[PDB]
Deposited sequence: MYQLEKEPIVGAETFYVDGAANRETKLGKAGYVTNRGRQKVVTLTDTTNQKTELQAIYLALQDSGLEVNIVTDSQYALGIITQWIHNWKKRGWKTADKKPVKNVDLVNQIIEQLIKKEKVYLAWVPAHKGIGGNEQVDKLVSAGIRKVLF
């Protein structure tokens, strides 16, 4: 990939990603739902909210084709990726794994939306990852 796309990629699968963690137990979940009806959730241990957001993006990169749209509610995760591309043109291992996957893509669009603002795909993945982690 040459850059993050300036707008969504026509014809590419869209992954709504999210993570949830609990500070008392360090238990969490990460996952995605896609516009093509795919979904995945994984359970995590010794994790944090920010780590789960990175894990969700890693899953989306791993499971997507060469062109992908990713919608996250994490400014932290968005910033990690934007900063790396910049320097190219905390959570060190996870970040390296994400960059490893990112560089294999042909095109990537990555957009931020606010959490808990009624945004469809984002609310769907939030329900999936927060169950058993965050109290309703």
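Residues of the deposited sequence that lack C-alpha coordinates fall in the stretches 90-101, 149-150.
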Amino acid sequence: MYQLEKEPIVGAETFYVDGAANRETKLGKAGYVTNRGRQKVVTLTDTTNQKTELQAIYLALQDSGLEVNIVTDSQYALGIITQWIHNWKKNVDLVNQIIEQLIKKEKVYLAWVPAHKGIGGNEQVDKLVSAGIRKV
From here on, numbers count along this sequence of modelled residues.
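The PDB entry reports B-factors from which the mean C-alpha value can be compared for 101-109 and 79-87; the larger average falls on 79-87. Checked against the record, the higher mean CA B factor of 115-123 and 16-24 lies with 115-123. When the C-alpha B factors of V33, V95, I70, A30 are read from the deposited coordinates, the top value falls at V95. The PDB entry assigns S74 a C-alpha temperature factor belonging to the lowest third of its chain's modelled residues.
In the PDB entry, a CA B factor belonging to the highest third of its chain's modelled residues is recorded for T43.
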